[PDB]
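For the sequence shown, position 152 (counting from the first letter as 1) is numbered 152 according to the authors' numbering, and the numbering increases by one without interruption.
In this text, a Cβ means the ideal position worked out from N, Cα and C, and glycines have one as well.
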Amino acid sequence: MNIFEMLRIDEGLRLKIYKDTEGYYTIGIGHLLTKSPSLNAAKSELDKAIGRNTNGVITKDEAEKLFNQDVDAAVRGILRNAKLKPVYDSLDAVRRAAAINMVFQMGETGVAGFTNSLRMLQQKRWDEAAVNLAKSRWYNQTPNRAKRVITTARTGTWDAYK
Ligand SMILES: [Cl-]
Ligand SMILES: [Cl-]
Ligand SMILES: [Xe]
Ligand SMILES: [Xe]
Ligand SMILES: [Xe]
Ligand SMILES: [Xe]
């Protein structure tokens with residue numbers, strides 16, 4: 001198991017533009033295209049992201065390409081954020097993957113506001129972190145996924161993805 005596999009299970013793969021859980025235009029492996037309600041905006045952003053006139057559709061490879069850039073950006077995001085990096089460097093490989101997940105999902109900013117879980121995580125207080133993390137909009141809105149992620153952060157193992 002690894003971040004790419006982990007994320008490919010949580011996010012799925014769609015070759016045509018779609019709306020996500022919040023109702024926003026997405027494509028491929030969870031690549032958010034735009035929070036705007038215009039399908040045309042989405043397609044424009046899409047064509048820009050891709051480099052051709054896709055007409056709202058991409059190949060498996062182009063999606064994979066986006067996913068890679070996205071996983072990268074996410075990690076970089078982490079490393080460039082003052083509240084995040086120390087937490088993350090403190091963590092083992094598994095649990096880092098859990099951090100990347102959340103970030104891929106909710107941006108750096110939002111994860112950066114889990115102040116309290118951040119400290120518990122840093123002190124390696126796994127169970128308390130886990131309870132804290134669950135008290136969130138994230139968890140109530142996407143409970144099955146949040147639990148996989150929380151279990152991974154709480155255990156340091158891939159059992160929830162098995
Ligand atoms: Cl892009
Ligand atoms: Cl769910
Ligand atoms: Xe983190
Ligand atoms: Xe995490
Ligand atoms: Xe977190
Ligand atoms: Xe956790």
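Residue i - DSSP class collapsed to helix/strand/coil
i           : result
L33         : strand
residue 172 : Past the boundaries of the shown model lies residue 172; the chain is included only from 1 to 162, so the question cannot be answered.
residue 228 : Missing from the structure shown is residue 228; the chain here goes from 1 to 162 and no further.
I150        : helix
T26         : strand
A73         : helix
Reference residue i; option with closest CA among the options
i    : options               : result
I29  : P37, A41, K16, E22    : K16
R154 : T109, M6, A134        : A134
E22  : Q141, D159, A160      : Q141
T152 : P143, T115, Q122, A98 : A98
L13  : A63, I100, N53        : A63
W138 : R119, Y161, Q105      : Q105
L32  : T59, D61, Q69         : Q69
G156 : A129, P143, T115      : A129
Exposed unless 16 or more other CB atoms sit within 10 angstroms - verdict on residue i
i    : result
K35  : exposed
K43  : buried
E11  : buried
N2   : exposed
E5   : exposed
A93  : exposed
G77  : buried
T115 : exposed
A82  : exposed
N101 : buried
One or two residues paired with residue i in a DSSP bridge
i   : result
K19 : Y25
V57 : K16
With distances taken from each beta carbon to the nearest heavy atom of ligand 3, which residues come in below 6 Å, in chain order? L84, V87, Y88, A99
Listed in chain order, which residues are found with a beta carbon closer than 5 Å to a heavy atom of ligand 6? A129, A130, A153, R154
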